[PDB]
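Structure below is start12.cif: mmCIF, C-alpha atoms.
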```
data_input
loop_
_atom_site.label_atom_id
_atom_site.label_comp_id
_atom_site.auth_asym_id
_atom_site.auth_seq_id
_atom_site.Cartn_x
_atom_site.Cartn_y
_atom_site.Cartn_z
CA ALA A 2 -8.65 -4.66 2.88
CA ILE A 3 -7.37 -1.55 1.12
CA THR A 4 -3.61 -1.36 1.56
CA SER A 5 -2.00 1.96 2.52
CA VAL A 6 1.51 1.40 1.21
CA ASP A 7 2.68 4.71 2.66
CA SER A 8 1.73 3.65 6.18
CA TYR A 9 3.43 0.28 5.73
CA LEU A 10 6.71 1.93 4.74
CA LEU A 11 6.68 4.09 7.86
CA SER A 12 5.76 1.19 10.13
CA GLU A 13 8.62 -0.95 8.83
CA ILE A 14 11.24 1.79 8.45
CA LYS A 15 11.05 3.48 11.84
CA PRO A 16 11.89 0.46 14.05
CA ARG A 17 14.29 -1.25 11.65
CA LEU A 18 16.20 1.94 10.84
CA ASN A 19 16.79 2.65 14.52
CA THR A 20 18.10 -0.88 15.05
CA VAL A 21 20.51 -0.65 12.11
CA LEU A 22 21.98 2.66 13.25
CA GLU A 23 22.16 1.33 16.82
CA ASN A 24 25.09 -1.01 16.16
CA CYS A 25 28.33 -0.32 14.31
CA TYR A 26 29.14 -3.75 12.87
CA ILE A 27 26.15 -3.77 10.51
CA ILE A 28 26.91 -0.23 9.33
CA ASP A 29 30.45 -1.22 8.39
CA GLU A 30 29.07 -4.06 6.26
CA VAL A 31 26.62 -1.63 4.64
CA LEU A 32 29.26 1.04 4.02
CA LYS A 33 32.00 -1.41 3.05
CA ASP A 34 32.43 0.18 -0.38
CA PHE A 35 32.61 3.81 0.74
CA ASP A 36 35.88 5.53 1.55
CA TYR A 37 37.22 5.78 5.09
CA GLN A 38 36.53 9.49 5.50
CA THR A 39 32.83 9.46 4.63
CA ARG A 40 32.23 6.15 6.40
CA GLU A 41 33.55 7.18 9.80
CA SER A 42 32.15 10.71 9.74
CA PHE A 43 28.66 9.29 9.23
CA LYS A 44 29.34 6.74 11.96
CA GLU A 45 30.62 9.46 14.29
CA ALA A 46 27.37 11.37 13.74
CA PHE A 47 24.44 8.94 13.74
CA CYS A 48 25.79 5.48 14.56
CA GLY A 49 25.64 4.08 18.07
CA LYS A 50 23.23 4.26 20.97
CA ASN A 51 25.14 7.35 22.15
CA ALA A 52 24.59 9.33 18.94
CA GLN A 53 23.71 12.96 19.62
CA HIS A 54 22.43 13.51 16.09
CA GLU A 55 19.46 11.46 14.93
CA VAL A 56 17.61 10.70 11.71
CA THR A 57 13.94 11.49 11.14
CA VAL A 58 11.23 10.40 8.71
CA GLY A 59 7.95 11.99 7.67
CA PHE A 60 5.47 12.66 4.91
CA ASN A 61 5.44 15.52 2.45
CA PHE A 62 3.83 18.93 2.93
CA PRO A 63 4.12 19.11 6.73
CA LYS A 64 3.36 22.45 8.34
CA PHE A 65 6.37 22.17 10.66
CA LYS A 66 10.11 21.99 9.96
CA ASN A 67 12.00 18.74 9.42
CA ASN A 68 15.57 17.94 10.44
CA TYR A 69 17.18 18.89 7.14
CA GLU A 70 20.53 17.63 8.42
CA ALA A 71 19.26 14.12 7.65
CA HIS A 72 15.69 13.08 6.90
CA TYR A 73 13.67 10.53 4.94
CA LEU A 74 10.81 11.99 2.90
CA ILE A 75 7.95 9.95 1.41
CA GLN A 76 5.20 10.81 -1.05
CA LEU A 77 2.49 8.50 -2.30
CA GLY A 78 3.07 8.47 -6.06
CA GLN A 79 1.11 6.92 -8.90
CA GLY A 80 -1.07 3.82 -8.97
CA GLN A 81 -2.32 1.54 -11.72
CA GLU A 82 -4.41 -1.58 -12.27
CA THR A 83 -2.57 -4.45 -13.96
CA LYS A 84 -4.41 -7.79 -13.66
CA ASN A 85 -8.01 -8.81 -13.02
CA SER A 86 -9.82 -12.09 -12.39
CA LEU A 87 -13.08 -13.63 -13.54
CA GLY A 88 -15.95 -12.02 -11.68
CA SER A 89 -13.24 -10.04 -9.87
CA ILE A 90 -13.06 -13.10 -7.58
CA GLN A 91 -9.84 -13.70 -5.65
CA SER A 92 -10.58 -16.37 -3.04
CA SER A 93 -13.28 -18.10 -1.01
CA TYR A 94 -13.15 -18.64 2.75
CA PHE A 95 -15.27 -20.54 5.25
CA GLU A 96 -14.12 -18.32 8.15
CA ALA A 97 -13.76 -14.57 8.59
CA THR A 98 -9.99 -14.20 8.87
CA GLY A 99 -7.85 -11.17 9.68
CA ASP A 100 -4.10 -10.69 9.63
CA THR A 101 -1.47 -13.44 9.68
CA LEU A 102 0.67 -13.45 12.81
CA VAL A 103 3.87 -15.00 14.13
CA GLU A 104 3.94 -15.82 17.84
CA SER A 105 6.31 -17.63 20.18
CA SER A 106 5.10 -20.14 22.76
CA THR A 107 6.26 -22.92 25.07
CA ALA A 108 4.64 -26.34 25.26
CA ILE A 109 2.46 -27.04 28.30
CA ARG A 110 1.92 -30.41 29.96
CA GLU A 111 -1.66 -31.64 29.73
CA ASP A 112 -2.67 -35.23 30.42
CA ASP A 113 -3.16 -36.60 26.90
CA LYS A 114 -1.49 -33.78 24.97
CA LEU A 115 1.08 -31.03 24.79
CA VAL A 116 -0.48 -27.67 23.94
CA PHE A 117 0.69 -24.21 22.94
CA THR A 118 -1.30 -21.09 23.83
CA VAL A 119 -1.52 -17.99 21.64
CA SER A 120 -2.75 -14.46 22.24
CA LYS A 121 -5.76 -14.79 19.91
CA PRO A 122 -8.00 -17.49 18.41
CA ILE A 123 -5.99 -19.67 16.06
CA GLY A 124 -8.34 -19.90 13.10
CA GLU A 125 -6.14 -21.29 10.34
CA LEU A 126 -2.77 -22.70 11.32
CA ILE A 127 0.03 -22.41 8.76
CA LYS A 128 3.17 -23.76 10.43
CA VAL A 129 4.83 -24.62 13.72
CA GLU A 130 8.58 -24.28 13.35
CA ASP A 131 10.24 -27.49 12.17
CA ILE A 132 7.50 -29.91 13.26
CA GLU A 133 5.91 -32.34 10.80
CA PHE A 134 2.98 -33.61 12.85
CA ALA A 135 2.12 -37.18 11.91
CA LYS A 136 -1.41 -38.54 11.90
CA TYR A 137 -0.75 -40.42 15.14
CA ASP A 138 0.07 -37.08 16.78
CA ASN A 139 -3.49 -36.00 15.88
CA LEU A 140 -2.71 -32.29 15.60
CA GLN A 141 -5.77 -30.14 16.22
CA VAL A 142 -6.71 -26.58 17.12
CA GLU A 143 -8.98 -25.38 19.93
CA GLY A 144 -9.86 -21.74 20.52
CA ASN A 145 -6.56 -19.92 21.02
CA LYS A 146 -4.43 -23.06 21.50
CA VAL A 147 -3.03 -25.85 19.34
CA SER A 148 -2.63 -29.39 20.66
CA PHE A 149 -0.74 -32.54 19.76
CA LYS A 150 -0.72 -35.85 21.60
CA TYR A 151 1.86 -36.65 24.27
CA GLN A 152 3.05 -40.20 23.64
CA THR A 153 6.44 -40.76 21.96
CA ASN A 154 6.96 -36.99 22.30
CA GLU A 155 7.69 -36.91 26.03
CA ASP A 156 11.07 -35.17 25.78
CA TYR A 157 9.30 -32.03 24.55
CA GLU A 158 7.37 -30.87 27.64
CA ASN A 159 9.55 -27.72 27.59
CA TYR A 160 9.66 -27.26 23.81
CA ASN A 161 10.11 -23.62 22.82
CA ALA A 162 8.74 -22.76 19.40
CA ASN A 163 7.46 -20.11 17.02
CA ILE A 164 3.96 -20.37 15.56
CA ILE A 165 2.47 -18.85 12.40
CA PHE A 166 -1.29 -18.41 12.54
CA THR A 167 -4.21 -16.28 11.41
CA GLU A 168 -6.66 -14.09 13.32
CA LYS A 169 -10.14 -15.60 13.35
CA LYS A 170 -13.16 -13.32 13.78
CA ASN A 171 -16.35 -15.06 12.62
CA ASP A 172 -17.68 -18.30 11.19
CA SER A 173 -19.49 -16.32 8.46
CA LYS A 174 -18.23 -17.79 5.20
CA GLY A 175 -17.83 -15.31 2.36
CA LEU A 176 -16.13 -14.53 -0.93
CA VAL A 177 -13.38 -12.09 -1.87
CA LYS A 178 -13.82 -9.48 -4.60
CA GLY A 179 -10.96 -7.33 -5.82
CA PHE A 180 -8.10 -6.96 -8.24
CA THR A 181 -4.36 -6.33 -8.37
CA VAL A 182 -2.92 -2.82 -8.20
CA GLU A 183 0.53 -1.80 -9.43
CA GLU A 184 1.54 1.13 -7.21
CA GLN A 185 4.60 3.38 -7.17
CA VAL A 186 5.86 5.30 -4.14
CA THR A 187 8.69 7.83 -3.90
CA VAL A 188 11.36 8.02 -1.20
CA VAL A 189 14.20 10.53 -0.92
CA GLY A 190 16.90 11.42 1.58
CA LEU A 191 17.66 15.06 2.34
CA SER A 192 20.77 16.84 3.57
CA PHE A 193 22.84 19.98 3.10
CA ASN A 194 25.90 17.75 2.67
CA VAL A 195 25.99 15.42 -0.33
CA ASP A 196 28.15 12.76 1.34
CA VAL A 197 25.52 12.20 4.03
CA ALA A 198 22.86 11.75 1.36
CA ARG A 199 24.80 9.02 -0.43
CA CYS A 200 25.38 7.15 2.82
CA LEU A 201 21.72 7.64 3.72
CA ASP A 202 20.51 6.22 0.41
CA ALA A 203 22.75 3.17 0.75
CA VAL A 204 21.37 2.47 4.23
CA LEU A 205 17.88 2.59 2.76
CA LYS A 206 18.69 0.02 0.08
CA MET A 207 19.71 -2.50 2.74
CA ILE A 208 16.53 -2.29 4.79
CA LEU A 209 14.50 -2.61 1.60
CA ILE A 210 16.31 -5.91 1.07
CA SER A 211 15.56 -6.98 4.63
CA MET A 212 11.91 -6.08 4.10
CA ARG A 213 11.79 -8.75 1.38
CA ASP A 214 11.77 -11.33 4.18
CA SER A 215 9.01 -9.64 6.20
CA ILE A 216 5.67 -11.36 6.69
CA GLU A 217 3.69 -8.44 5.29
CA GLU A 218 5.97 -8.11 2.27
CA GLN A 219 5.97 -11.84 1.51
CA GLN A 220 2.19 -12.10 1.80
CA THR A 221 0.83 -8.70 0.75
CA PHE A 222 3.47 -6.50 -0.97
CA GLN A 223 5.36 -8.42 -3.66
CA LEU A 224 7.52 -7.83 -6.74
CA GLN A 225 9.83 -5.00 -5.73
CA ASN A 226 11.14 -2.77 -8.50
CA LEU A 227 13.54 -0.03 -7.41
CA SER A 228 14.54 3.01 -9.45
CA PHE A 229 16.96 5.76 -8.48
CA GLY A 230 17.11 9.31 -9.79
CA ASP A 231 20.06 11.62 -10.12
CA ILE A 232 21.39 13.65 -7.21
CA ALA A 233 19.85 17.11 -7.51
CA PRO A 234 19.60 20.33 -5.50
CA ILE A 235 16.14 20.14 -3.96
CA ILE A 236 16.44 23.73 -2.73
CA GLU A 237 18.46 26.74 -3.90
CA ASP A 238 16.79 29.71 -2.15
CA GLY A 239 18.76 29.62 1.08
CA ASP A 240 22.19 29.97 2.62
CA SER A 241 23.04 26.54 1.20
CA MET A 242 21.39 24.01 -1.07
CA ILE A 243 19.61 20.81 -0.10
CA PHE A 244 20.73 17.69 -1.96
CA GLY A 245 18.79 14.45 -2.27
CA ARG A 246 18.60 11.39 -4.51
CA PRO A 247 14.96 10.33 -5.03
CA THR A 248 14.12 6.64 -5.23
CA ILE A 249 10.97 4.99 -6.58
CA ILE A 250 9.51 1.81 -5.10
CA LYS A 251 6.95 -0.30 -6.96
CA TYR A 252 4.60 -2.86 -5.44
CA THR A 253 1.95 -5.39 -6.43
CA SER A 254 -0.98 -5.85 -4.07
CA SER A 255 -4.68 -6.67 -3.97
CA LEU A 256 -7.57 -4.31 -3.23
CA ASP A 257 -9.97 -6.79 -1.67
CA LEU A 258 -13.44 -6.71 -0.13
CA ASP A 259 -15.41 -9.31 1.80
CA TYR A 260 -18.83 -10.42 0.52
CA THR A 261 -20.78 -12.55 2.99
CA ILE A 262 -23.14 -15.37 2.00
CA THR A 263 -26.29 -16.27 3.93
CA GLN A 264 -27.82 -18.79 1.49
CA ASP A 265 -26.60 -21.91 3.30
CA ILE A 266 -28.42 -24.99 2.02
CA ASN A 267 -29.04 -27.60 4.72
CA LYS A 268 -32.17 -29.48 3.63
CA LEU A 269 -32.72 -31.42 0.41
CA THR A 270 -36.08 -32.99 -0.47
CA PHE A 271 -36.92 -35.15 -3.49
CA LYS A 272 -40.49 -35.38 -4.80
CA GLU A 273 -41.53 -37.32 -7.88
CA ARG A 274 -43.81 -36.06 -10.63
CA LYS A 275 -47.47 -36.80 -9.96
CA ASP A 276 -47.93 -38.28 -13.45
CA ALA B 99 23.30 49.74 8.83
CA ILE B 100 20.60 47.36 7.61
CA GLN B 101 17.48 47.86 5.51
CA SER B 102 14.49 45.89 4.24
CA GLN B 103 14.86 43.03 6.72
CA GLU B 104 12.53 40.42 5.24
CA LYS B 105 11.38 36.98 6.41
CA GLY B 106 10.41 35.22 3.22
CA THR B 107 8.81 31.86 4.00
CA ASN B 108 8.31 29.04 1.50
CA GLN B 109 5.77 26.29 2.17
CA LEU B 110 7.05 23.14 0.48
CA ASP B 111 6.72 19.38 0.31
CA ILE B 112 9.82 19.13 2.50
CA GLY B 113 8.14 21.47 5.00
CA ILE B 114 8.26 25.17 5.78
CA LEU B 115 11.50 27.02 5.16
CA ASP B 116 12.71 30.57 5.73
CA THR B 117 14.54 32.44 2.96
CA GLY B 118 14.92 35.95 4.27
CA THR B 119 16.67 38.79 2.47
CA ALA B 120 18.11 42.07 3.68
CA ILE B 121 20.37 44.90 2.55
CA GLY B 122 23.33 46.18 4.55
CA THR B 123 25.51 49.28 4.43
CA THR B 124 28.94 49.11 6.04
CA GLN B 125 31.71 51.36 7.30
CA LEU B 126 34.76 52.65 5.45
CA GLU B 127 37.92 50.63 4.80
CA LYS B 128 36.19 47.29 5.49
CA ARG B 129 36.42 44.55 2.84
CA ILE B 130 33.75 41.87 3.12
CA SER B 131 33.97 38.36 1.69
CA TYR B 132 31.46 35.99 0.16
CA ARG B 133 29.63 33.91 2.78
CA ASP B 134 30.80 36.07 5.67
CA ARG B 135 28.59 36.02 8.76
CA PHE B 136 26.92 38.64 10.94
CA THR B 137 24.88 38.24 14.12
CA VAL B 138 22.79 40.82 15.98
CA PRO B 139 22.51 39.90 19.69
CA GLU B 140 20.15 42.79 20.51
CA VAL B 141 17.44 41.76 18.04
CA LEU B 142 15.31 38.70 18.83
CA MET B 143 13.28 36.67 16.34
CA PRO B 144 10.26 34.51 17.26
CA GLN B 145 9.81 30.94 16.08
CA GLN B 146 7.55 27.98 16.79
#
```
Can I see the file as structure tokens?
Amino acid sequence: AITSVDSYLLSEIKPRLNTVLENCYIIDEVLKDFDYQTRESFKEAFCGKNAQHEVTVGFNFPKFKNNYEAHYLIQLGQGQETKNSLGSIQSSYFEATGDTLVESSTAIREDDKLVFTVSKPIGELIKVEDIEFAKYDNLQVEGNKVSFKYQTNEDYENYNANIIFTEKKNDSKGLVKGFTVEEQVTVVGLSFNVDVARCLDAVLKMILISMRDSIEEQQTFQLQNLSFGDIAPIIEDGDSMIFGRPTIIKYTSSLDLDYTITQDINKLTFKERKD
Amino acid sequence: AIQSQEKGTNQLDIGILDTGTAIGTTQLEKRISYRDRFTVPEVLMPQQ
């Protein structure tokens, strides 16, 4: 599962950034340090659902024009290998497993059990929110649903819960081969007005923090290391310069591959020496 | 009067950008200032 860090940044940034700019209360917390003049002018421009101006994000070397009033620019950056493992082995699995998901569900009333239903086959369960199923509950999984017994849990026919689970594909057990990669990626905000750039960079730092709690970040992209450059004129051949402070993001992740095993031993016969 | 109207285009990481240059000749008794602005309604420029 080769990880495209650049795609992950875009997937996380685009929704979360829109949400942050949507409300004003969060922005005030973010821009608490800045002076009144810069803070409100930025808020007057981009903040709120009724903002006429809008921010954009894209990758480098596009053949079209970007909104140079305010824009996030990304470029892939360097990559390095840091740590290996014996035989390049990472893990062994009895089931072909995909991504790890979080889903919300409501308990359903069966005869002997209360069951939750999920959009896909459960495979490996990880956690149901704030439930410590005892052995007498007899927690078990079946297809796309998870079940626990009804008795002495009868108040919970309407229980509303979140579920963390994995996507199951096949029963073909296999090994993992791969290593760890230390990758760096560059991000920069652009504007023809320096004050906007500083506000824009500060907004970015917050959502990077929020990404530390994300499922993908916690499981796949770990050990953030942020580095900020000096504010510089990106462009000078024009009616006015473009100013932007580049930032560098570092990640640790695994470049993994699945190796499938077919040599399943089932029979075992003992024969003594003829002598 | 205007001469050598040029549309210089730079293809960059940030995108494409236009840095045109041109030379103007004015009338008498007119003093121009840095970063003054002119606009020519009659002339149209295509873009995509």
Checklist entry - Please, which residues of chain B lie no more than 6 Å from chain A when the count uses only C-alpha atoms, and can they be set out as a list in words? => result residues 110, 111, 112, 113, 114 and 117 of chain B
Item to check | CA of residue 43 (chain A) to CA of residue 244 (chain A), distance in Å rounded to a single decimal | outcome: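 Computed distance, CA of residue 43 (chain A) to CA of residue 244 (chain A), equals 16.1 Å.
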Evaluating the PyMOL selection byres ((chain A and resi 29-33) around 10) on the displayed file yields which residues, as a JSON list (two decimals) with C-alpha atoms, in the frame of the given file?
```
[["chain", "number", "residue", "atom", "x", "y", "z"],
["A", 21, "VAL", "CA", 20.51, -0.65, 12.11],
["A", 24, "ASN", "CA", 25.09, -1.01, 16.16],
["A", 25, "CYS", "CA", 28.33, -0.32, 14.31],
["A", 26, "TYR", "CA", 29.14, -3.75, 12.87],
["A", 27, "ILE", "CA", 26.15, -3.77, 10.51],
["A", 28, "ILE", "CA", 26.91, -0.23, 9.33],
["A", 34, "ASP", "CA", 32.43, 0.18, -0.38],
["A", 35, "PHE", "CA", 32.61, 3.81, 0.74],
["A", 36, "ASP", "CA", 35.88, 5.53, 1.55],
["A", 37, "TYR", "CA", 37.22, 5.78, 5.09],
["A", 39, "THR", "CA", 32.83, 9.46, 4.63],
["A", 40, "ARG", "CA", 32.23, 6.15, 6.40],
["A", 41, "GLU", "CA", 33.55, 7.18, 9.80],
["A", 43, "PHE", "CA", 28.66, 9.29, 9.23],
["A", 44, "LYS", "CA", 29.34, 6.74, 11.96],
["A", 200, "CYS", "CA", 25.38, 7.15, 2.82],
["A", 203, "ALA", "CA", 22.75, 3.17, 0.75],
["A", 204, "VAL", "CA", 21.37, 2.47, 4.23],
["A", 205, "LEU", "CA", 17.88, 2.59, 2.76],
["A", 206, "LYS", "CA", 18.69, 0.02, 0.08],
["A", 207, "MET", "CA", 19.71, -2.50, 2.74]]
```
Checklist entry - Can you list, as a list in words, every protein, DNA or RNA residue that comes within 10 Å of residue 122 (chain B) when you count all atoms listed in the file, leaving out same-chain residues fewer than 3 positions away? => result residues 99, 100, 101, 102 and 103 of chain B
Checklist entry - When you draw a straight line from CA of residue 128 (chain A) to CA of residue 169 (chain A), how long is it in Å? => result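 These atoms are spaced 15.9 Å apart.
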Next on the checklist: For the provided coordinates, the residues matched by the PyMOL selection byres ((chain A and resi 88) around 12) should be stated as an MDAnalysis selection string.
Outcome noted: chainID A and resid 85:87 89:92 176:180
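Between residue 261 (chain A) and the candidates A:158, A:13, A:112, A:172, the tightest atom-to-atom separation, counting all atoms listed in the file, involves A:172.
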Checklist entry - Can you list, as a PyMOL selection string, the residues that the PyMOL selection byres ((chain A and resi 115) around 10) selects here? => result chain A and resi 107-114+116-117+147-152+154-155+157-160
Just-selected residues, C-alpha atoms written as an mmCIF file, in the frame of the given file:
```
data_model
loop_
_atom_site.group_PDB
_atom_site.id
_atom_site.type_symbol
_atom_site.label_atom_id
_atom_site.label_comp_id
_atom_site.auth_asym_id
_atom_site.auth_seq_id
_atom_site.Cartn_x
_atom_site.Cartn_y
_atom_site.Cartn_z
ATOM 1 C CA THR A 107 6.260 -22.920 25.070
ATOM 2 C CA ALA A 108 4.640 -26.340 25.260
ATOM 3 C CA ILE A 109 2.460 -27.040 28.300
ATOM 4 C CA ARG A 110 1.920 -30.410 29.960
ATOM 5 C CA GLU A 111 -1.660 -31.640 29.730
ATOM 6 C CA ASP A 112 -2.670 -35.230 30.420
ATOM 7 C CA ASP A 113 -3.160 -36.600 26.900
ATOM 8 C CA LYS A 114 -1.490 -33.780 24.970
ATOM 9 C CA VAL A 116 -0.480 -27.670 23.940
ATOM 10 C CA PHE A 117 0.690 -24.210 22.940
ATOM 11 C CA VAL A 147 -3.030 -25.850 19.340
ATOM 12 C CA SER A 148 -2.630 -29.390 20.660
ATOM 13 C CA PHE A 149 -0.740 -32.540 19.760
ATOM 14 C CA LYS A 150 -0.720 -35.850 21.600
ATOM 15 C CA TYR A 151 1.860 -36.650 24.270
ATOM 16 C CA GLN A 152 3.050 -40.200 23.640
ATOM 17 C CA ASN A 154 6.960 -36.990 22.300
ATOM 18 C CA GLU A 155 7.690 -36.910 26.030
ATOM 19 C CA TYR A 157 9.300 -32.030 24.550
ATOM 20 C CA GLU A 158 7.370 -30.870 27.640
ATOM 21 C CA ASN A 159 9.550 -27.720 27.590
ATOM 22 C CA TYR A 160 9.660 -27.260 23.810
#
```
Item to check | Closest of A:266, A:182, A:256, A:250 to residue 81 (chain A) - atom-to-atom distances counting only C-alpha atoms | outcome: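 Of all the options, A:182 lies closest to residue 81 (chain A).
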Next on the checklist: Using all atoms listed in the file, can you tell me which of A:167, A:263, A:51, A:161 comes closest to residue 124 (chain A)?
Outcome noted: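 Of all the options, A:167 lies closest to residue 124 (chain A).
The space between CA of residue 171 (chain A) and CA of residue 97 (chain A) spans 4.8 Å.
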Item to check | Non-local contacts of residue 105 (chain B) (9 Å; all atoms listed in the file; under 5 positions in same chain excluded) as a count of residues only | outcome: 5
Next on the checklist: Taking (1.9, 2.3, 2.0) in the coordinates of the supplied file, I want to know which residues reach to within 12 Å of it, counting all atoms listed in the file; could you give the answer as number ranges by chain?
Outcome noted: A: 3-14, 60, 75-80, 184-188, 217-218, 221-222, 250-254
Item to check | Option closest in space to residue 2 (chain A), from A:163, A:264, A:226, A:255 [counting all atoms listed in the file] | outcome: A:255
